[PDB]
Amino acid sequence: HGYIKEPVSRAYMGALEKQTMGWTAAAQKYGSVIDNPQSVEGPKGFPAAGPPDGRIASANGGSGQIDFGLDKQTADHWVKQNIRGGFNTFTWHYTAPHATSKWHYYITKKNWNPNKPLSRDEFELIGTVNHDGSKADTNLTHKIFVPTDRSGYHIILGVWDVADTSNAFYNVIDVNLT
């Protein structure tokens, strides 16, 4: 269990807006993930397997841990944070740092549709961090090159594959890319 803390994942943004807008208004916006941003857990093997299209952001309800709130997708719904093209760092916080096989990072394609549910064919692989089966917290932060050929509203998906289970944690990040 864990989530992307910087940039602020959508899941962690829900936990953050819990504090600023309260439990009910934040749960209306994000669903039950506000309490458990670390629990966006679904089957590993993305993109060939893993959570189905339209259930990527919620990891198909996080293995029963959350609802499907995160799967809403419109131009306006989610809080965007600014990021620049090029090298960026992605830092996870672990509540329970499991043995890790890899992390893998994707961005939305230049022509993606911000008002339809997320599908795996809107995402492009941008980097893979292999790991030696040790705990996730031996490599907290990853240096990933974000494409410099697109701008405006994009989603970075970070995926954390657990070494010793059939599961993975899916963290979408809403970004305004410049």
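From 1 onward, residues are counted along the sequence shown.
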**Study point:** 23-31 versus 137-145 - greater average Cα B-factor per the deposited record
**Key:** 137-145
**Study point:** Stretch exceeding the other in mean C-alpha B-factor - 153-161, 14-22
**Key:** 14-22
Point to revise | Residue, from 128, 38, 63, 119, that the PDB entry assigns the highest Cα B-factor | key: 63
Check your understanding: Among 75, 99, 79, 107, where is the Cα temperature factor highest, going by the PDB entry?
Key -> 99
Check your understanding: Going by what the PDB entry lists, where does residue 176 fall on CA B-factor within its chain: lowest, middle or highest third?
Key -> middle
Review point. Based on the entry's values, in what third of the chain does the Cα temperature factor of residue 69 lie: lowest, middle or highest?
Key: lowest
Exercise for review: Give the position of residue 95 by CA B-factor within its chain, expressed as the lowest, middle or highest third.
Suggested key: highest
